[PDB]
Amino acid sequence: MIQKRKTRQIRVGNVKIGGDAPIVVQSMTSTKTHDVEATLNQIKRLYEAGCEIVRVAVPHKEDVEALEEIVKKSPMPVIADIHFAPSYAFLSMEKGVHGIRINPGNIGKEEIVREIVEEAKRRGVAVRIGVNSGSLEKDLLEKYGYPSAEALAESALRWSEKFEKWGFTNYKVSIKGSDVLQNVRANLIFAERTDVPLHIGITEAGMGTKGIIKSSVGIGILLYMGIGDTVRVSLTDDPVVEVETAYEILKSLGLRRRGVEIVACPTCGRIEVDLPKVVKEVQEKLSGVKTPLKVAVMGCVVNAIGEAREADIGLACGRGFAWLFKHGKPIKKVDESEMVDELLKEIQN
């Protein structure tokens, strides 16, 4: 249903971002990075919950000294989060880091940003351009007066086309608007002018329930419009909750999922079976399937197949039988023992 934004594909370690690739779920470590064992324990929990790339803060000397061990033992690509010293970007990259994220706007002189980018090109490390009100250049503040959506977007564009000029192509940008509406607009202006992958999220979303709502609204809207190649929910909470939240939002729009998802039809006046009965049977035999598949349990046979185009696999149920279908095309007719064969086909998938 969503018309995805065309985007060039990039790479952070083993993970594809943009274009053809699924939208990636990201998170940030909340532990002190210099504490190797605590951070790796949190990364492992993040991996367990489906976090695909992890961002690691590196504010001090001791965090740089921890980075090598973290990358070697991380089941995930690691992004080094840099803020003030261009040298930390260089030192982080030498430590084996798969990605750096910088605010090119205040990291230093433009010519130093070029060197960071040229070093990243030599080591095959991805870059994230972060742009926000605090990184907005003096020249654009004068043009717009204040950090407007357009001011933030033009900044992102400006840097993006500098990266292209410098011959560097392996980057994604991130635009943090002050609220949901400014965040949407700022990214929307950028999205429509370029094919550069986008990191999306709401920075200071809030606490617990309220933060979760604001995140769902913000990320959901962008996602709806086919915008976002990577996602992070930013909650002042356990980073696993942040990962779980991101997956629920994506699941809402049928873009990603964790484990098996069993969906029943609406239903309608075409219904041919007792759907609640077969659904219950499906839930029981498919309990303990750890494969990100949308499974469709449909009330009729013929029209159900068209209806469940986007489902990976499902059963189009008739009075004494069902049709097993796969990616919108029917495979075979099976008796009221269609479920074991549906399970059999998923183990084969």
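All residue numbers are counted from 1 along the displayed sequence.
Colleague: Would you mind comparing 290-298 and 26-34 for me and telling me which has the higher average C-alpha temperature factor in the entry?
Modeller: The stretch with the larger average C-alpha B-factor is 290-298.
Colleague: Mean CA B-factor: is it higher for 309-317 or for 276-284?
Modeller: So the stretch with the higher mean C-alpha B-factor is 276-284.
Colleague: When the modelled residues of the chain are sorted by Cα temperature factor, does residue 208 land in the lowest, middle or highest third?
Modeller: Its C-alpha B-factor belongs to the highest third of this chain's values.
Colleague: Using only modelled residues of the chain, where does the Cα B factor of residue 128 rank: lowest third, middle third or highest third?
Modeller: Lowest third.
Colleague: Among the modelled residues of its chain, does the C-alpha B-factor of residue 64 lie in the lowest, middle or highest third?
Modeller: For residue 64, whose C-alpha B-factor we compare with every modelled residue in the chain, the answer is the middle third.
Colleague: Test of reading the entry: by CA B factor among the chain's modelled residues, which third contains residue 190?
Modeller: CA B-factor rank for residue 190: lowest third.
Colleague: Classify residue 159 as lowest, middle or highest third according to the C-alpha B-factor given in the PDB entry, relative to its own chain.
Modeller: As the PDB entry reports it, the C-alpha B-factor of residue 159 lands in the lowest third of its chain.
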